[PDB]
Protein chains: 2
Amino acid sequence: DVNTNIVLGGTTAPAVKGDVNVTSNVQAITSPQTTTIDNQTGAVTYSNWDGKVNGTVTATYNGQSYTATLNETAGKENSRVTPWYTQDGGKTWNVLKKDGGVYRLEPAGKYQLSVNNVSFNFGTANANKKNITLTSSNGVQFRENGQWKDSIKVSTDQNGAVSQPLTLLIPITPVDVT
Amino acid sequence: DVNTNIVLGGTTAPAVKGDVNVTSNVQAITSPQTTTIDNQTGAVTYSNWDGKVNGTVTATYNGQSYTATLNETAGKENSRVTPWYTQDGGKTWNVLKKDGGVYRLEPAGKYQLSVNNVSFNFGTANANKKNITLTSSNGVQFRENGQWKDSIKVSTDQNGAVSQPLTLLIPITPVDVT
């Protein structure tokens with residue numbers, strides 16, 4: 001697209017993009033293990049939260065919908081799901097240790113999932129392709145050059161698989177019981 | 001190497017060995033950035049600690065002393081030094097984050113350093129050797145099969161270098177400098 005338009009930003013490249021439309025279908029759910037109250041009022045208190053999270057990452061590309069592949073082997077190359085939280089406004093981000101042997105995912109609060117060694121099999125139909133550009137539909141980020149990024153370029157190998165392993169950051173906002 | 005002696009606790013191989021004897025020469029030192037005082041008692045109070053660590057890992061092998069090599073490359077290959085603390089003790093172990101942009105280490109101690117992609121150059125003289133036993137003389141541990149241990153077996157390549165990257169855990173107990 002020709003750049004015609006005089007935006008005060010200083011004539012940057014356009015935001016027109018997207019070969020592969022990566023979309024998290026990851027969902028998070030939590031329940032309190034212990035609810036308390038003072039009977040002097042009706043002031044309930046839900047506490048001791050117990051989080052769980054499930055789903056997958058799909059990707060629309062050339063009118064076909066693919067699903068991300070994880071690695072179920074036990075080496076350094078295990079696609080390790082690691083939950084991240086911020087006490088700040090995302091100024092920093094710390095890994096959740098297991099407390100009482102569960103992931104305390106407290107309702108609202110902001111979370112992020114990190115999963116390395118992801119892939120996709122786009123099929124022999126899509127072999128040997130260069131500059132496939134991955135964009136997120138819903139706040140998924142891709143790791144590159146030591147830093148998170150809104151989009152990344154991948155090439156497919158002779159079979160149609162992304163030639164090198166990805167690493168994703170997935171947003172999480174739990175639902176709760178009640 | 002022959003079992004004569006009836007110890008309680010089954011009978012098991014001896015622990016004595018060490019083809020190559022690794023020693024941490026890592027030292028840690030800290031100062032409070034603010035020293036304060038309760039004049040009604042005269043009880044001083046140190047706070048805002050500022051830790052620094054320095055040193056090397058050496059190793060004795062076949063009468064010669066070698067020194068560990070780190071990897072400088074910007075990337076996934078980089079020997080990442082990560083400071084490491086246990087809250088109270090044992091099962092707890094978490095990454096030490098920078099506060100006030102510096103690594104506060106309190107002289108009460110209980111810290112460990114973790115460093116990947118280490119190596120050694122044992123010299124052309126020690127090429128092509130097949131199974132070498134690594135031991136520490138001062139509490140350095142080596143990573144394998146997802147867990148630390150005090151010994152590992154490695155082989156040298158055509159040049160005399162450890163064929164594969166090591167990953168170490170180094171103890172440190174800081175000292176207070178006035």
# chains A, B, ... in the order shown; residues from 1 in each chain; ligands from 1
$ closest_atom_pairs --of "chain A" --to "chain B" --cutoff "9 Å" --atoms "only C-alpha atoms" --output "Markdown table"
| residue | atom | partner | partner_atom | distance |
| --- | --- | --- | --- | --- |
| A:74 | CA | B:146 | CA | 8.4 |
| A:75 | CA | B:145 | CA | 7.4 |
| A:76 | CA | B:146 | CA | 8.1 |
| A:94 | CA | B:97 | CA | 8.9 |
| A:95 | CA | B:94 | CA | 8.9 |
| A:97 | CA | B:94 | CA | 8.1 |
| A:145 | CA | B:75 | CA | 7.3 |
| A:146 | CA | B:75 | CA | 7.0 |
$ residues_around --residues "residue 117 (chain A)" --least-positions-apart "3" --cutoff "6 Å" --atoms "only C-alpha atoms" --output "PDB file with C-alpha atoms, in the first residue's frame"
ATOM      1  CA  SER A  79       7.650 -27.529  25.551  1.00  0.00           C
ATOM      2  CA  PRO A 165      10.738 -24.282  17.174  1.00  0.00           C
ATOM      3  CA  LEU A 166       8.584 -21.355  18.361  1.00  0.00           C
ATOM      4  CA  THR A 167       8.060 -19.992  21.881  1.00  0.00           C
TER       5      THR A 167
END
$ residues_around --residues "region 21-25 of chain A" --least-positions-apart "3" --cutoff "7 Å" --atoms "only C-alpha atoms" --output "number ranges by chain"
A: 18, 55-61, 134-138, 140, 170
$ write_last_selection --atoms "N, CA, C and O atoms" --output "short mmCIF file (atom, residue, chain, number, x, y, z; two decimals), in the first residue's frame"
data_model
loop_
_atom_site.label_atom_id
_atom_site.label_comp_id
_atom_site.auth_asym_id
_atom_site.auth_seq_id
_atom_site.Cartn_x
_atom_site.Cartn_y
_atom_site.Cartn_z
N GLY A 18 -0.09 -10.04 8.26
CA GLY A 18 -0.73 -11.28 8.71
C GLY A 18 -0.89 -12.33 7.61
O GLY A 18 -1.80 -12.25 6.79
N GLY A 55 -6.65 -25.66 27.07
CA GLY A 55 -6.96 -25.13 25.75
C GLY A 55 -5.87 -25.45 24.74
O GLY A 55 -5.04 -26.34 24.97
N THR A 56 -5.87 -24.71 23.61
CA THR A 56 -4.82 -24.85 22.62
C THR A 56 -4.67 -23.57 21.79
O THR A 56 -5.44 -22.63 21.93
N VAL A 57 -3.64 -23.55 20.93
CA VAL A 57 -3.40 -22.44 20.03
C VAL A 57 -3.68 -22.88 18.60
O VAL A 57 -3.01 -23.77 18.08
N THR A 58 -4.64 -22.22 17.96
CA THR A 58 -4.95 -22.51 16.57
C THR A 58 -4.32 -21.42 15.71
O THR A 58 -3.88 -20.38 16.22
N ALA A 59 -4.24 -21.68 14.40
CA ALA A 59 -3.65 -20.73 13.47
C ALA A 59 -4.35 -20.89 12.14
O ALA A 59 -4.41 -21.98 11.60
N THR A 60 -4.96 -19.80 11.65
CA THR A 60 -5.60 -19.82 10.34
C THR A 60 -4.58 -19.35 9.32
O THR A 60 -3.92 -18.33 9.54
N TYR A 61 -4.46 -20.09 8.22
CA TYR A 61 -3.45 -19.83 7.21
C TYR A 61 -3.89 -20.45 5.88
O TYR A 61 -4.10 -21.65 5.79
N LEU A 134 3.66 -14.53 11.03
CA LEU A 134 2.74 -14.90 12.10
C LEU A 134 2.28 -13.65 12.84
O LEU A 134 3.12 -12.88 13.29
N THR A 135 0.96 -13.45 12.92
CA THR A 135 0.35 -12.39 13.71
C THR A 135 -0.69 -13.00 14.65
O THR A 135 -1.26 -14.06 14.36
N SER A 136 -0.94 -12.29 15.75
CA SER A 136 -1.93 -12.73 16.72
C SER A 136 -3.27 -12.09 16.43
O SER A 136 -3.36 -10.91 16.09
N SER A 137 -4.32 -12.89 16.59
CA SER A 137 -5.68 -12.40 16.63
C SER A 137 -6.00 -11.82 18.02
O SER A 137 -6.75 -10.85 18.11
N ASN A 138 -5.42 -12.38 19.09
CA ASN A 138 -5.85 -12.05 20.45
C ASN A 138 -4.69 -12.09 21.45
O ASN A 138 -4.71 -12.88 22.40
N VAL A 140 -1.54 -12.93 21.61
CA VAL A 140 -0.45 -13.88 21.67
C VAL A 140 0.83 -13.17 21.21
O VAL A 140 0.80 -12.40 20.26
N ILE A 170 1.07 -16.48 26.10
CA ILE A 170 -0.37 -16.51 26.00
C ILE A 170 -0.94 -15.73 27.18
O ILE A 170 -0.55 -15.98 28.31
#
$ select_by_dssp --residues "region 5-162 of chain A" --states "strand (DSSP E)" --output "number ranges by chain"
A: 20-38, 43-61, 64-67, 81-85, 94-95, 111-118, 132-136, 141-144, 147-149, 151-154
$ residues_around --residues "residue 118 (chain B)" --least-positions-apart "4" --cutoff "12 Å" --atoms "only C-alpha atoms" --output "list in words"
residues 56, 57, 58, 67, 68, 69, 70, 71, 72, 77, 78, 79, 80, 81, 114, 142, 143, 161, 162, 163, 164, 165, 166, 167, 168 and 169 of chain B
$ write_last_selection --atoms "C-alpha atoms" --output "compact mmCIF listing (two decimals), in the first residue's frame"
# COMPACT_ATOMS: atom_id res chain seq x y z
CA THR B 56 36.15 -18.80 38.49
CA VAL B 57 35.78 -22.60 38.33
CA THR B 58 39.03 -24.56 38.14
CA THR B 67 39.80 -23.36 34.10
CA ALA B 68 36.16 -23.33 32.98
CA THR B 69 35.15 -21.39 29.88
CA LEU B 70 31.86 -19.51 29.62
CA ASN B 71 30.04 -18.67 26.37
CA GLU B 72 29.82 -14.98 25.45
CA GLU B 77 23.64 -20.47 23.95
CA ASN B 78 24.82 -17.92 26.50
CA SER B 79 26.23 -19.07 29.87
CA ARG B 80 23.43 -17.46 31.89
CA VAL B 81 24.47 -16.74 35.49
CA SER B 114 23.42 -21.51 38.26
CA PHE B 142 26.43 -30.83 37.74
CA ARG B 143 23.08 -30.98 35.91
CA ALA B 161 37.35 -30.10 24.84
CA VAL B 162 34.45 -31.51 26.81
CA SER B 163 32.24 -32.77 23.99
CA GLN B 164 28.97 -31.30 25.28
CA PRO B 165 28.00 -28.15 27.29
CA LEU B 166 28.07 -28.44 31.11
CA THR B 167 25.66 -26.70 33.50
CA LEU B 168 26.74 -26.05 37.08
CA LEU B 169 25.38 -25.16 40.49
$ residues_around --residues "residue 131 (chain A)" --least-positions-apart "3" --cutoff "6 Å" --atoms "only C-alpha atoms" --output "PyMOL selection string"
chain A and resi 153-155
$ write_last_selection --atoms "N, CA, C and O atoms" --output "PDB file, in the first residue's frame"
ATOM      1  N   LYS A 153       8.547 -13.907  11.614  1.00  0.00           N
ATOM      2  CA  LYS A 153       8.581 -14.540  10.304  1.00  0.00           C
ATOM      3  C   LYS A 153       9.185 -15.938  10.408  1.00  0.00           C
ATOM      4  O   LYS A 153      10.260 -16.100  10.973  1.00  0.00           O
ATOM      5  N   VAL A 154       8.505 -16.943   9.837  1.00  0.00           N
ATOM      6  CA  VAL A 154       8.964 -18.325   9.893  1.00  0.00           C
ATOM      7  C   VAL A 154       9.089 -18.872   8.476  1.00  0.00           C
ATOM      8  O   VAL A 154       8.430 -18.389   7.559  1.00  0.00           O
ATOM      9  N   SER A 155       9.937 -19.891   8.320  1.00  0.00           N
ATOM     10  CA  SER A 155       9.995 -20.638   7.077  1.00  0.00           C
ATOM     11  C   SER A 155       9.656 -22.100   7.344  1.00  0.00           C
ATOM     12  O   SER A 155       9.956 -22.630   8.409  1.00  0.00           O
TER      13      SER A 155
END
$ decode --residues "region 37-88 of chain B" --atoms "C-alpha atoms" --output "tab-separated table (two decimals), in the first residue's frame"
chain	number	residue	atom	x	y	z
B	37	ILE	CA	20.59	3.62	64.35
B	38	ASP	CA	18.16	3.70	67.29
B	39	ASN	CA	19.82	6.17	69.67
B	40	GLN	CA	17.47	5.32	72.56
B	41	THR	CA	19.16	1.91	72.62
B	42	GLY	CA	22.27	2.50	70.47
B	43	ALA	CA	21.20	-0.50	68.35
B	44	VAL	CA	22.44	-0.12	64.76
B	45	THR	CA	20.46	-1.57	61.82
B	46	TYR	CA	21.92	-2.48	58.43
B	47	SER	CA	19.65	-2.37	55.37
B	48	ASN	CA	19.50	-1.97	51.55
B	49	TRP	CA	22.07	-4.68	50.80
B	50	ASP	CA	24.24	-4.61	47.66
B	51	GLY	CA	25.75	-7.95	46.64
B	52	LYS	CA	28.51	-8.72	44.17
B	53	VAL	CA	30.00	-12.06	43.13
B	54	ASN	CA	33.25	-12.89	41.41
B	55	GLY	CA	35.65	-15.76	40.76
B	56	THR	CA	36.15	-18.80	38.49
B	57	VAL	CA	35.78	-22.60	38.33
B	58	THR	CA	39.03	-24.56	38.14
B	59	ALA	CA	39.49	-28.34	37.67
B	60	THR	CA	42.42	-30.71	38.30
B	61	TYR	CA	42.92	-33.49	35.75
B	62	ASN	CA	45.96	-35.74	35.27
B	63	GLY	CA	48.17	-33.42	37.32
B	64	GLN	CA	47.20	-30.30	35.33
B	65	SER	CA	44.87	-27.49	36.45
B	66	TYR	CA	42.35	-26.18	33.91
B	67	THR	CA	39.80	-23.36	34.10
B	68	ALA	CA	36.16	-23.33	32.98
B	69	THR	CA	35.15	-21.39	29.88
B	70	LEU	CA	31.86	-19.51	29.62
B	71	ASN	CA	30.04	-18.67	26.37
B	72	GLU	CA	29.82	-14.98	25.45
B	73	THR	CA	27.39	-15.20	22.51
B	74	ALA	CA	24.20	-13.13	22.57
B	75	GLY	CA	21.57	-15.88	22.27
B	76	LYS	CA	20.10	-19.10	23.69
B	77	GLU	CA	23.64	-20.47	23.95
B	78	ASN	CA	24.82	-17.92	26.50
B	79	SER	CA	26.23	-19.07	29.87
B	80	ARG	CA	23.43	-17.46	31.89
B	81	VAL	CA	24.47	-16.74	35.49
B	82	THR	CA	21.28	-16.83	37.57
B	83	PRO	CA	21.35	-16.17	41.35
B	84	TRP	CA	19.23	-18.45	43.39
B	85	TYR	CA	17.79	-18.38	46.94
B	86	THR	CA	15.88	-20.65	49.33
B	87	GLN	CA	13.33	-19.14	51.68
B	88	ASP	CA	14.05	-20.70	55.07
